[PDB]
**Student:** 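Before anything else, here's the structure in question.
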Amino acid sequence: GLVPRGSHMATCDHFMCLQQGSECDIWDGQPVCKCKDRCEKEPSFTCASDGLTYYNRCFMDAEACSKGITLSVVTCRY
């Protein structure tokens with residue numbers, strides 16, 4: 001438990017990542033944004049602004065993050 005006095009690890013509390021589906025992580029002592037990529041297999045089919053359909057909103061967000069884009073929900077019509 002010996003540490004340099006007047007030092008602390010970095011934390012994500014006061015940072016936000018604007019990219020849909022992303023979250024802050026600490027890498028090499030600095031905040032960075034990374035895609036979460038973890039969702040429940042709980043169906044809630046979601047049509048999106050790209051014209052495609054997602055298993056739920058979490059999967060929509062994960063695709064948005066993977067592509068570096070923004071996807072919004074639209075009504076499915078049939």
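Excluded from the calculations below are hydrogen atoms, water molecules and symmetry mates; all remaining heavy atoms, backbone and side chain alike, are included. For this chain, numbers begin at 1 and follow the sequence in order.
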**Student:** To the closest 0.5 Å, what do you measure between SG (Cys58) and NZ (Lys41)?
**Tutor:**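 One gets 14.5 Å once the value is rounded to the nearest 0.5 Å.
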
**Student:** Could you tell me if the side chain of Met9 sits less than 4.5 Å from the side chain of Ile26, heavy atoms only?
**Tutor:** no

**Student:** Count I, L, V, M, F, W, Y as connected when their side-chain heavy atoms are under 4.5 Å apart, and connections chain through other members. Are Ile69 and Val73 then in the same cluster?
**Tutor:** yes

**Student:** Rounded at 0.5 Å granularity, tell me how far SG in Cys33 sits from CG in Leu18.
**Tutor:**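 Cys33 SG to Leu18 CG: 7.5 Å, rounded to 0.5 Å.
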
**Student:** If the condition is side-chain contact (heavy atoms from CB on, under 4.5 Å), which residues does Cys24 pass it with, not counting sequence neighbours?
**Tutor:**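 Expected list: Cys12, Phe15, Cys17, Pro31.
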
**Student:** Nearest 0.5 Å, please: how far is CD in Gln30 from CG in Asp25?
**Tutor:** 12.5 Å

**Student:** Could you tell me whether a side-chain N or O of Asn56 sits under 3.5 Å from a main-chain N or O of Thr46, the two making a donor and an acceptor?
**Tutor:** no

**Student:** For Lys67, what residues pass the salt bridge (charged side-chain N to carboxylate O under 4.0 Å, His left out) criterion, not counting sequence neighbours?
**Tutor:** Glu63

**Student:** Rounded at 0.5 Å granularity, tell me how far OG in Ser22 sits from NZ in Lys34.
**Tutor:** 11.0 Å

**Student:** According to ring-ring contact (aromatic ring centres under 6.0 Å, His included), who are the partners of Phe59, at least two apart in sequence or on a separate chain?
**Tutor:** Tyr55

**Student:** Take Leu71 and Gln20, measure what side-chain contact (heavy atoms from CB on, under 4.5 Å) needs, and give me the verdict at the end.
**Tutor:** CA-CA 8 Å; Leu71 293 176; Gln20 177 177 2; 4.1 Å; yes

**Student:** Return the set of residues passing side-chain hydrogen bond (donor to acceptor under 3.5 Å, both in side chains) with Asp28 (not counting sequence neighbours), or none when no residue passes.
**Tutor:**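 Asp28: no side-chain hydrogen bond (donor to acceptor under 3.5 Å, both in side chains) contacts found.
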
**Student:** Mind checking what makes side-chain hydrogen bond (donor to acceptor under 3.5 Å, both in side chains) contact with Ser72, not counting sequence neighbours?
**Tutor:** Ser49

**Student:** Apply the hydrophobic cluster definition, ILVMFWY joined by side-chain contacts under 4.5 Å directly or through others, and give me every member besides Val32.
**Tutor:** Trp27

**Student:** Starting at CG of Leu52, measure out to SG of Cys47 and round the result to the nearest 0.5 Å.
**Tutor:** 9.5 Å

**Student:** So, taking the atom named OG1 in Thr70 and the one named CE in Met60, what distance separates them when rounded to the nearest 0.5 Å?
**Tutor:** 10.0 Å

**Student:** Kindly give the heavy-atom pair with the smallest separation between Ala64 and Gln19, and that separation in Å.
**Tutor:**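 Of all heavy-atom pairs spanning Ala64 and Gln19, the closest is O-NE2, 3.3 Å.
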
